[PDB]
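**Q** model the structure of this input:
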Amino acid sequence: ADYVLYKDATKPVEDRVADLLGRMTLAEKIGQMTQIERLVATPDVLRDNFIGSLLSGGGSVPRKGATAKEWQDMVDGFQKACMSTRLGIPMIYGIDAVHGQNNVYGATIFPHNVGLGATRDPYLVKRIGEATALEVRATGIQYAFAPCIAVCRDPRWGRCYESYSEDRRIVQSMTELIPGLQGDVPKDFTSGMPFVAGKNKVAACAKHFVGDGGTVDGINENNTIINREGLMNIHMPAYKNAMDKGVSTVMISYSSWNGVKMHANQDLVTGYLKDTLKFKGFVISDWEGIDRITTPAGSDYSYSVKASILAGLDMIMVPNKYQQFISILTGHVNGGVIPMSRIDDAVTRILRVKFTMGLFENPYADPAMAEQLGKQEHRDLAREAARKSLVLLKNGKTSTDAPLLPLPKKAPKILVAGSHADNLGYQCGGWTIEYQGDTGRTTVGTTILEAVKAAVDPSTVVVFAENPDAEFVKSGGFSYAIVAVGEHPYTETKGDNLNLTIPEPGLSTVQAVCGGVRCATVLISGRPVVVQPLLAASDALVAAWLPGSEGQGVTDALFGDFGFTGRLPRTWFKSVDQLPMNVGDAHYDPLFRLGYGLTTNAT
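**A** Numbering: from 1, shown residues only. Shown next is the protein structure:
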């Protein structure tokens, strides 16, 4: 008679959810709907407020250099508090694992999405989902705020690198990340149902709904709108693919559609997402997304709670002032302004994901998964992904020249140069350790320089110089140079240079190097950038994007272990004044069109 149906793992999900829901107080219900930052979490807060979820925002780590097991103990300690509530509902912990488990020291860092788009390899992206789930589970975390399925329509946007492509079809194809993260859905599966296979997978999050990649110039942050077939055709369709693959959660965008803030948009969130696509997982706000419904943000938090919850959101990434969120939502429900049926829907959806994913049976971390973090086989996958992301834009200055690439591994002396040749942080870009990136050795990885040294014949002398002058290069006796430059890490509002020109010295290093020896230029960037001066100077030029921790991906193609196969996932503009300029635009005048890429053969 101490039997409680919701605790019975043999019962169907929908019965467990309904049984548990019908026992819950208002406080317990509203707790479920509350996500807080670890920085404000204690066992008492978690227990006394019946908190449903936690996250680490970018850079929110228990300490600098924390091991997998430290992560696991942090999450488990929070989970123990939540399991000691009257109902014992486990919390779900989320994190931005968007190119590997990128907040964690020693995690494998995969290419950013723009690079993944250039692979045109959905199955490679799936496997990256698989590896990423294992690394997230290594740290005890059960939920990843990925994939970002924005269709970036203007490369000036500081998050353009988080979109697989300006071409939504590529974005749709890459939703295969989802069954990678979550597991493959069953044979008999209903589009819109949430799925996660078990304790070696995580919940995924299609974000940010909807129209986050939309213009204007670049995208950071207006309405980021358009109109109607702009939507139902550019920005919406990957969400349907995400429904077919059983994405567990959807995160709402800061942006607006038709001058309506997505966080208050009942027609799209409830009418379309829930009622038309039949999404039955849970909808989560962005970070203080509800505060930003009002101008200024936070200026009427009461309306923010009301508008967002009536719009159809289920869980609020508060993430700091939980007391205020819980108090206000509690008043609204007690005052009849938000009906109990809206609350019960929200809680039903949270519980459905929790139960479906096995969180009630496995609330705690598995210490045996800790060694998944930065595991070598993941790194080999990342290496392959990096290599397949490279786009060869030039291989010889004239049609009569010998192709520079592939380079020979055996040569008396070679030069490696450029601010980006020996810099892990630059090669990983934004959302790494975090929420920016860094510079230097922030994690375990192999820079372009270390990769060259690992690859070349032992008789090859390798000289590193970051910004050598012309005379140093001419006097060196080099057979060739590999020179790496490009963007600094950035995001939407921090370090986004809207000129799209690489920081100096960059161009000047290329000119000085290429001026004195045959050069392969490796361009590290989150997007197309002004490139003619780099091309004019370079014998060969490679768009390596933000290839992540495994630099050997770069050298694998440079030295001919594998051929170049990457193709531009974005249009390369001649000038920023042409933007926005996407495939299908009326005056399509590219320097390189979407899909362009030179090839080599393996030697």
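**Q** from here on, contacts and neighbour counts on C-alpha atoms
**A** Noted.
**Q** residue ranges for the helices of the stretch 251-400 of the chain, please.
**A** 266, 301-311, 322-334, 340-356, 376-389 (DSSP state H, counting those that start in this stretch).
**Q** residue nearest the middle of this structure, spatially speaking?
**A** residue 98 (2.7 Å; CA atoms, centre = their mean).
**Q** what strand or helix carries that residue?
**A** Per DSSP states H and E: residue 98 is located in neither a helix nor a strand.
**Q** pull the number of nearby residues for the closest residue to it other than its chain neighbours.
**A** Leaving aside its sequence neighbours, residue 98 sits nearest to residue 146 (CA to CA, 6 or more residues apart in numbering; 5.6 Å). Each residue near residue 146 was counted by other CA atoms under 10 Å, and the total is 27.
**Q** just residue 166 next, same as before
**A** 27.
**Q** isn't it up against residue 153?
**A** Yes - contact criterion CA atoms under 8 Å: residue 166 and residue 153 qualify, at 5.6 Å.
**Q** picking up where we left off before, residues contacting the residue nearest to the centre of the chain?
**A** Contacts for residue 98 (CA atoms under 8 Å, 6 or more residues apart in numbering) come out as 112, 144-148, 431.
**Q** need the max-distance pair from those.
**A** 112 and 144 (15.1 Å; CA to CA).
**Q** circling back to that earlier point, how much space between the residue nearest to the centre of the chain and residue 321?
**A** To residue 321, residue 98 is 26 Å away according to CA to CA, to the nearest Å.
**Q** now do residue 332
**A** With CA to CA as the criterion, residue 332 and residue 321 are 17 Å apart.
**Q** any residues in contact with both of residue 166 and residue 153?
**A** In contact with both residue 166 and residue 153: residue 582, using CA under 8 Å, 6+ apart.
**Q** show me how the record splits this structure into domains.
**A** 1-374, 375-560 (curated CATH domains).
**Q** what is the burial count for residue 228?
**A** 12.
**Q** same question for residue 409.
**A** Quick note: residue 409 (other CA under 10 Å) scores 18 neighbours.
**Q** give the contact list for it.
**A** The neighbours of residue 409, taking CA under 8 Å, 6+ apart as the test, are 455-457, 460, 559.
**Q** filter the residues you listed down to the buried ones, PyMOL style.
**A** Command for PyMOL that selects the buried part of the contacts of residue 409, burial taken from 16 or more other CA atoms under 10 Å:
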select buried, resi 455+456+460+559
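**Q** of the contacts of residue 409, which is the nearest to residue 225?
**A** Nearest to residue 225 out of those is residue 559 (CA to CA; 44.3 Å).
**Q** got phi/psi on the closest one?
**A** The phi and psi torsions at residue 559 (degrees, to the nearest 10) take the values phi -100, psi 10.
**Q** wait, doesn't it sit right on residue 411?
**A** No - Residue 559 lies out of contact with residue 411 (CA under 8 Å); the separation is 11.9 Å.
**Q** hmm, who's touching stretch 438-455?
**A** With CA under 8 Å, 6+ apart, stretch 438-455 has contacts from 105-108, 409, 416, 420-427, 429-430, 432-433, 462, 464, 484, 489, 549-552, 554-555, 559.
**Q** er, stretch 57-67 actually
**A** Under CA under 8 Å, 6+ apart, the answer for stretch 57-67 is 37-39, 70-71, 74, 95-96, 103-105, 431, 433-436.
**Q** kindly give a single ChimeraX line that selects the buried subset of those residues.
**A** A single ChimeraX command suffices to select whichever of the contacts of stretch 57-67 are buried according to 16+ other CA under 10 Å:
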select :37,38,70,71,74,95,96,103,104,105,431,433,434,435,436
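**Q** rewinding a little: okay, the contacts of residue 98 in a markdown table with distance to residue 523 and secondary structure next?
**A** As requested, the contacts of residue 98 are exported to a markdown table (distance: CA to CA, whole Å; DSSP: H, G, I helix; E, B strand; the rest coil):
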| residue | distance to residue 523 | secondary structure |
| --- | --- | --- |
| 112 | 14 | coil |
| 144 | 29 | strand |
| 145 | 28 | coil |
| 146 | 26 | coil |
| 147 | 25 | coil |
| 148 | 24 | strand |
| 431 | 19 | coil |
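**Q** tell me the one of the residues you listed nearest residue 535?
**A** Nearest to residue 535 among those, with distances taken as CA to CA, is residue 112, at 23.4 Å.
**Q** I figured the closest one hits residue 162, correct?
**A** Yes - assessed by CA under 8 Å, residue 112 is found in contact with residue 162 at 6.2 Å.
**Q** assess the claim that residue 364 and residue 76 are in contact.
**A** Yes - using CA under 8 Å, residue 364 is in contact with residue 76, at 5.6 Å.
**Q** find residues that contact each of those two.
**A** residue 140.
**Q** for those two, indicate the residue with more neighbours.
**A** For residue 364 versus residue 76, neighbours defined as other CA under 10 Å are more numerous around residue 364 (22 against 19).
**Q** ok, that one to residue 231 distance?
**A** Distance check for residue 364 against residue 231: by CA to CA, it reads 41 Å.
**Q** show me what contacts residue 570?
**A** Residue 570 touches 165-167, 527-528, 582, 593-595, counting by CA under 8 Å, 6+ apart.
**Q** just the ones of the residues you listed in strands?
**A** If you go by DSSP state E, the contacts of residue 570 have nothing in strands.
**Q** any chance of the residues you listed in a markdown table, with distance to residue 61 too?
**A** Shown next, in a markdown table, are these (distance: CA to CA, whole Å):
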| residue | distance to residue 61 |
| --- | --- |
| 165 | 31 |
| 166 | 33 |
| 167 | 35 |
| 527 | 28 |
| 528 | 32 |
| 582 | 38 |
| 593 | 41 |
| 594 | 39 |
| 595 | 39 |
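**Q** just the buried ones among the residues you listed, please.
**A** Neighbour counting by 16+ other CA under 10 Å classes 165-167, 527-528, 582, 593-594 among these as buried.
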